[PDB]
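J.: compute the structure for the input listed below.
(6 chains, ligands or ions: 1)
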Amino acid sequence: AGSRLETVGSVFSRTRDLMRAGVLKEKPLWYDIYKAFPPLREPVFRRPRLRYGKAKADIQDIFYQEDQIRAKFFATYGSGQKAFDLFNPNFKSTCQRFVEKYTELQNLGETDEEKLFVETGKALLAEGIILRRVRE
Amino acid sequence: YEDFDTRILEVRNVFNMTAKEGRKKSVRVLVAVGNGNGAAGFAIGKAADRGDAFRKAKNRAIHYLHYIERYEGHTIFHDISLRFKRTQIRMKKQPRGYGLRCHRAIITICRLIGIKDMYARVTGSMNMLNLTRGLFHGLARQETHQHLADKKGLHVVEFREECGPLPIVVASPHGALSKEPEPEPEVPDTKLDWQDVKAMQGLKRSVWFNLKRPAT
Amino acid sequence: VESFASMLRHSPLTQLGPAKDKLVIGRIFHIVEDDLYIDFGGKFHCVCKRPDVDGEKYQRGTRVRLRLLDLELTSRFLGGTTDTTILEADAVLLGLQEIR
Amino acid sequence: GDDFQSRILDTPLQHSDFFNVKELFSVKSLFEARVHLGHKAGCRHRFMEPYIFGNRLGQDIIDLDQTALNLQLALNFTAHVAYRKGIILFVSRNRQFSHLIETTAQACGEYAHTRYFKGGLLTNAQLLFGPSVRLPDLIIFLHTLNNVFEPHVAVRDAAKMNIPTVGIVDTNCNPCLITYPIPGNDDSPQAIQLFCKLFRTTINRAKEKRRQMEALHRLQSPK
Amino acid sequence: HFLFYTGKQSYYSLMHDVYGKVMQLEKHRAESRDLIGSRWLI
Amino acid sequence: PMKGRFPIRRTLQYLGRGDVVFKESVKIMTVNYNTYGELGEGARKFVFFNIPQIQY
Ligand SMILES: [Mg+2]
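T.: Residues are numbered from 1 along each chain as shown, chains lettered A, B, ... in the order given. See the structure here:
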């Protein structure tokens, strides 16, 4: 005898209730553990519903300030001819070096975006990076 | 399960079409079970023989035992109004000695649950399954006084007219007691039922209302 | 201890930006006949076909070059409340990476 | 005598982290294993939005700060269950990781079911396994979806039998019936490999801790 | 047996061994007709 | 469900809660209120909630 009603309450609440009624005479071994270290949320059934009208989710689009610079670099030079290595946790791509230098110049106090874009290209050219201004 | 009792609520004897005899026979039986101490459940059993339908429904219901919260062991914690499909139920919490003034099927289940004093009205369709499902749906989703004290953080106080102005503390918040008084509106926006209000407005009831009946 | 917000900002995947028409390095971890399963550092692997040239070179552990298109192939169809995903990524195998 | 049995079983519940599961993992360790990568926004379940840090260009990102909190609770619960000699069943239907999960269960000393799940396995176990079959005391769902992108049958059936479930839930999953949800990536081999390692070390520590606790208390009885 | 709850512990225990063998051979890397006039068991 | 908003206004108990019983001199009470605005909210609520009690 049990409560195979998984849409009312939770495994813990149904086990608590069954013992109060007098049907379950021995506590499950997982019961005392749940009482002492419960989950953050109670595991109760809820019917997923759809959103209607003007209800919307609340998920923040992840856009950092570097993305403004990165977008320009991809539009002007595309992706660096060197291939991304996403297995190296500290990989520095050609675009990420462009954004690191672009930031340094902006710290000096340059206020014109055009100035920061052409100066960074010159600095990387001195470094020896091959930047191709591919309109294609 | 000697402490549990089983009660029948509906028995349908229907003939169905199958190649064995052209039209085969089938018995669908809805039952309820309860120990009279808060634990109760219902199930539907089908078979070709009535005895088999009784066994299937009786042992299936013992696997679907709800636990129903009773205020002081004799009544529901608060008024309950709900519509399950086209079956409307309207239950009311009552004082001791009031008895079970409810649909005969609700009296049967309430005895299994252990409720001793309550009023209920059923309107719309009288479908036995919708009434049984709707009854357990409302009785198993009711809010005990302790739950209300925990949710709002305030004391739950009770005022009985036979005890005068004496305040009775029925539930105290488990954690931290709040200090912000619960907002008291000047005029509540509660949605009232004409049937409940009509009585207090002085309107004559039916000749069938509040007749003398045997103890339930 | 670095925060998760810092890790995400400085992550190689965050630096990639959009994954369409990007160049990445992958590693072959599983081969089934002439189909190569390539892990390029994303959530889902891609599956390409063994090139005719230097076919024997593409063995397990071999690092290759790819041109990403999608990180996950998903599409909603009529009468569906959620997107249908095939649990796979889209990329074009360009050839072996020079060890140098 | 009775005090010793009470000491073995009642003392572990007086400490917040009796098995010191906190050290096994860290937010950085989870980030290396790509545990923060979720499905596209179209595949998102409504009950997962609490756990999602945001949407990075169409790909939902899973907050690894909530994952650490939830994973801590799930690992602690899995340890106390293993400490008390409960049966733990690993369940998944992902065929890429079928052999890995069966190897993990065998290493832990527990059970794995990575194959087609028969209807009634838990709700009708006596007919399938025998009259006195003991059901699992905990089910760990490394994957909570089957191969038709529907909830694994054992998620609902484990709730019906009042079995707690520790499950890995991704952005397209429904965590409502999972007792201890662990928000995280379930598709990447590096994410699944990390979770399998954590569950196996945690279970082995709890089993070893029980052996040591029994010897100490047992030795005291003569001594 | 760790595969008891599958319901076919002996069938799946054998399919576990043969699948692990296949993986080690594929990772590690002649005529296969070592035996002739033989059939697979029914 | 009783029709309208705040159906409690249509109960004898609510109508009897009014405490303003005018002196015999009072013969007419005109109420000038605006349906839109911010400074006239109390006036609108007075017509909604209190005028029935006064008339009763
Ligand atoms: Mg997934």
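
J.: going by C-alpha atoms from here, please, whenever you check contacts or count neighbours.
T.: Noted.

J.: identify the single longest helix in chain D, thanks.
T.: Looking across chain D with DSSP state H, the single longest helix is helix D:189-220.

J.: is any residue of it near chain E?
T.: No: using C-alpha under 8 Å from any C-alpha of the partner chain, helix D:189-220 never reaches chain E; the gap is at least 14.0 Å.

J.: how about that helix: buried residues?
T.: D:189-196, D:198-207, D:209-210, D:213-214, D:217 (16 or more other C-alpha atoms under 10 Å in any protein chain shown).

J.: tell me which other helices or strands the host helix or strand of residue B:53 touches.
T.: Element membership of residue B:53, judged by DSSP states H and E, is helix B:50-61. Applying 3 or more C-alpha pairs under 8 Å, 6 or more residues apart in numbering or on different chains; DSSP states H and E, one finds that helix B:50-61 contacts strand B:22-34, strand B:39-47.

J.: out of those strands, which one sits most buried?
T.: strand B:39-47 (a mean of 23; mean count of other C-alpha atoms under 10 Å in any protein chain shown).

J.: which residues of chain C lie near chain E?
T.: So chain C meets chain E at residue C:60 (C-alpha under 8 Å from any C-alpha).

J.: just give me the longest strand of chain C.
T.: Taking DSSP state E as the assignment, the strand of chain C that covers the most residues is strand C:22-32.

J.: pull the residues that contact whichever helix or strand comes after it.
T.: Counting by DSSP H and E, the next helix or strand C-terminal to strand C:22-32 is strand C:35-39. The list of residues contacting strand C:35-39 from outside it, by C-alpha atoms under 8 Å, 6 or more residues apart in numbering or on different chains, reads C:26-31, C:45-50.

J.: what helix or strand is residue 33 on?
T.: In the absence of a named chain, chain A is used. Per DSSP H and E: residue A:33 is located in helix A:31-36.

J.: was after chain F, sorry
T.: Residue F:33 belongs to no helix or strand, assigned by DSSP H and E.

J.: what's the separation between the residue lying closest to it once chain neighbours are set aside and residue F:35?
T.: Using C-alpha to C-alpha, 6 or more residues apart in numbering or on different chains and skipping the chain neighbours, the partner closest in space to residue F:33 is residue F:43 (6.0 Å). Separation of residue F:43 from residue F:35 (C-alpha to C-alpha, to the nearest Å): 9 Å.

J.: between these two, which one's more packed in?
T.: For residue F:43 versus residue F:35, the count of surrounding residues by other C-alpha atoms under 10 Å in any protein chain shown is larger for residue F:43: 16 against 9.

J.: who's in contact with residue B:73?
T.: Residue B:73 is in contact with B:114-115, counting by C-alpha under 8 Å, 6+ apart.

J.: what are the phi and psi values at it?
T.: For residue B:73, the backbone dihedrals (degrees, to the nearest 10) come out as phi 80, psi 10.

J.: secondary structure element for the residue nearest the centre of chain E?
T.: Most central in chain E under C-alpha atoms, centre = their mean is residue E:18, positioned 2.5 Å from the mean C-alpha point. Here residue E:18 sits within helix E:9-28, counting by DSSP H and E.

J.: what's the local residue count around the residue of chain B at minimum distance from the ion?
T.: As assessed by C-alpha to the ion, the ion sits closest to residue B:64 within chain B, at 33.7 Å. Per other C-alpha under 10 Å, the neighbour tally for residue B:64 reads 21.

J.: that one is in contact with residue B:39, isn't it?
T.: No: using C-alpha atoms under 8 Å, residue B:64 makes no contact with residue B:39, being 9.7 Å away.

J.: which ones are touching residue 66?
T.: You didn't say which chain, so I picked chain A. Counting by C-alpha under 8 Å, 6+ apart, residue A:66 touches residue A:99.

J.: could you do chain C instead?
T.: Residue C:66 makes contact with C:23-26, C:91-95, according to C-alpha under 8 Å, 6+ apart.

J.: run the last query once more with 6 Å
T.: Taking C-alpha atoms under 6 Å, 6 or more residues apart in numbering or on different chains, we find residue C:66 in contact with C:23-24, C:92-94.

J.: closest one of those residues to residue D:71?
T.: For the contacts of residue C:66, the minimum distance to residue D:71 (C-alpha to C-alpha) is 32.1 Å, reached by residue C:24.

J.: show me what the closest one is bridged to.
T.: residue A:84, residue C:66 (DSSP bridges).

J.: contact partners for it?
T.: Applying C-alpha under 6 Å, 6+ apart, one finds that residue C:24 lies in contact with A:83-85, C:65-66.

J.: Serialize the residues you listed to TSV and add fields for distance to residue E:3.
T.: Listed next are these as TSV, based on distance: C-alpha to C-alpha, whole Å:
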residue	distance to residue E:3
A:83	45
A:84	43
A:85	40
C:65	41
C:66	41
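
J.: what's the closest of those residues to chain F?
T.: The nearest member of these to chain F, counting by C-alpha to the nearest C-alpha, is residue A:84 at 61.2 Å.

J.: count the residues that sit near the nearest residue to residue A:78 once chain neighbours are set aside.
T.: Counting by C-alpha to C-alpha, 6+ apart, residue A:78 lies nearest to residue A:134, which is 7.0 Å off, once chain neighbours are set aside. Counted with other C-alpha under 10 Å, the neighbours of residue A:134 add up to 11.

J.: I'd say residue A:134 and residue A:77 touch.
T.: Yes: the criterion here is C-alpha atoms under 6 Å, and residue A:134 meets it with residue A:77 at 5.4 Å.

J.: what sits in contact with each of these two?
T.: Residues touching both residue A:134 and residue A:77 (C-alpha under 6 Å, 6+ apart): there are none.

J.: before we move on, what SS does the residue of chain E found nearest chain A have?
T.: Proximity of chain E to chain A (C-alpha to the nearest C-alpha) peaks at residue E:5, 19.9 Å away. Following DSSP: H, G, I helix; E, B strand; the rest coil, the label given to residue E:5 is helix.

J.: from residue D:135, how far out is it?
T.: Residue E:5 is 9 Å from residue D:135, by C-alpha to C-alpha.

J.: next one: residue B:62
T.: From residue B:62 across to residue D:135, the span is 19 Å (C-alpha to C-alpha).

J.: cool, residue D:43 as well?
T.: From residue D:43 over to residue D:135 the distance is 34 Å, taken as C-alpha to C-alpha.

J.: ok, residue A:37 next?
T.: Distance from residue A:37 to residue D:135, by C-alpha to C-alpha: 23 Å.
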